[PDB]
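Heads up, the thing below is written out as structure tokens.
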Ligand SMILES: CC(C)CN(C[C@@H](O)[C@H](Cc1ccccc1)NC(=O)O[C@H]1[C@H]2CO[C@H]3OC[C@@H]1[C@H]3C2)S(=O)(=O)c1ccc2nc(NC3CC3)sc2c1
């Protein structure tokens, strides 16, 4: 699809058997999801944004279906206010900016 | 242009007579620039991001030239770690997401 930006660019995702809504976020290097139950091993990590830093759990090789496109990569889980799909996964689904 | 996302989508902007680089950020509702000298009146504002909140100065009807495209709108100025072009200006230059 082509998505204009008059509203937030939210898409439906399926991850870890669960359905969520997430923001397609070109300003985000990595993918950060609100606290959720994910299986397997993870590594602690701190990431920074507009208001400071948050502690997240880093999960690697996680499968996500983003608006019907499959991708596998690192997902960060923690106290973000919004689920964010970052460039690490946007590149896999072929997402581009155009103007 | 079309911009792929293997690197950060940075563009050159001109605002208030100054040249800056800023991130084209679909996850940002509004435009937030690092501390800089702007001329007009302003209003105190507080905005929230991944790690908490920051205090910014809100300037309205500010002219920005973003990758050579002109837009006028609200710019927030404060302790953001990176200059962000948000959807309030992305819509004005015709920016879309495509996949
Ligand atoms: C700041 C930006 C450069 C980074 N961010 C992505 C933005 O898209 C963010 C998404 C968001 C939306 C809503 C709430 C929280 C966050 N946008 C935002 O903060 O917008 C704010 C302000 C703007 O206008 C309104 O719109 C929303 C509000 C509001 C006021 S991130 O999330 O911090 C972020 C994401 C991924 C990431 N990966 C890293 N890896 C490490 C480096 C190797 S670091 C890292 C940081």
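Nothing in this text is a laboratory measurement; each read-out follows from the coordinates by a stated rule. Ideal geometry is used to build each Cβ from the backbone, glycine not excepted, and the neighbour counts take in all protein chains shown.
Using helices alone, I'd like the mean residue ellipticity at 222 nm for chain B: each DSSP H run of four-plus residues gives -39500 (n - 2.57), total over residue count, nearest 500.
Result for chain B: -500 deg cm²/dmol, rounded to the nearest 500.
Find every distance from the label point of residue A:65 to the corresponding label point in the other copies (7 Å from Cα along Cα→Cβ) and write them in nm, one decimal, shortest first.
Distances between equivalent label points, in nm: 4.8.
If we sort A:70-83, A:28-41 on the protection proxy, mean other Cβ atoms within 10 Å, highest first, what's the order?
So the order, starting with the most tightly packed, is A:70-83, A:28-41.
Compute from the Cα atoms of the protein assembly as shown the Rg and the Dmax, the latter being the longest Cα-Cα distance, and quote both in angstrom.
Taking only Cα atoms of the protein assembly as shown, I get Rg and Dmax of 17.0, 53 Å.
Provide the FRET efficiency to the nearest 0.05 for the residue A:60-residue B:45 pair, computing r from the beta carbons and using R0 = 41 Å.
Working: r = 38 Å, r/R0 = 0.93.
Efficiency, rounded to the nearest 0.05: 0.60.
If you wrap a convex hull around the Cα atoms of chain A, how much volume per residue is inside, in Å³? Walk me through the numbers on the way to the answer.
Values: hull volume 9.9 nm³, N = 99.
So the per-residue Cα hull volume is 100 Å³.
How high is the FRET efficiency from residue A:19 to residue B:18, r the C-beta distance, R0 35 Å, rounded to 0.05? Please report the intermediate quantities before stating the final value.
On the way: r = 45 Å, r/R0 = 1.29.
Given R0 = 35 Å and the Cβ-Cβ separation, E is 0.20.
Taking each residue of B:85-98 in turn, how many C-beta atoms of other protein chains fall within 10 Å of its C-beta, and what is the average?
5
Regarding the range A:1-57, what is the average projected area of its C-alpha convex hull, in nm²?
5.3 nm²
At a Förster radius of 30 Å, what calculated FRET efficiency corresponds to the Cβ-Cβ distance of residue A:74 and residue B:29, to the nearest 0.05?
Plugging the Cβ-Cβ distance into 1/(1 + (r/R0)^6) gives 0.70.
Could you work out, residue by residue across A:26-32, how many beta carbons of other chains sit within 10 Å of that residue's beta carbon, and then give the average as an integer?
Other-chain Cβ atoms within 10 Å of each residue's Cβ, averaged: 5.
Roughly what % antiparallel, to the nearest 5, for the DSSP beta bridges in chain B?
Around 85 percent of the beta bridges assigned by DSSP in chain B are antiparallel ones.
Multiply the residue gap between residue A:98 and residue A:2 by 0.36 nm, knock off their C-alpha separation, and tell me the result in nm, one decimal place.
Length gained between residue A:98 and residue A:2: 33.6 nm.
Using alpha carbon centroids, what distance separates the range B:51-88 and the range A:1-71, in Å?
Centre-to-centre distance over Cα atoms comes out at 25 Å.
How well do other chains shield peptide A:70-83, expressed as the mean number of their Cβ atoms within 10 Å of each residue Cβ?
The per-residue average across the peptide is 1.
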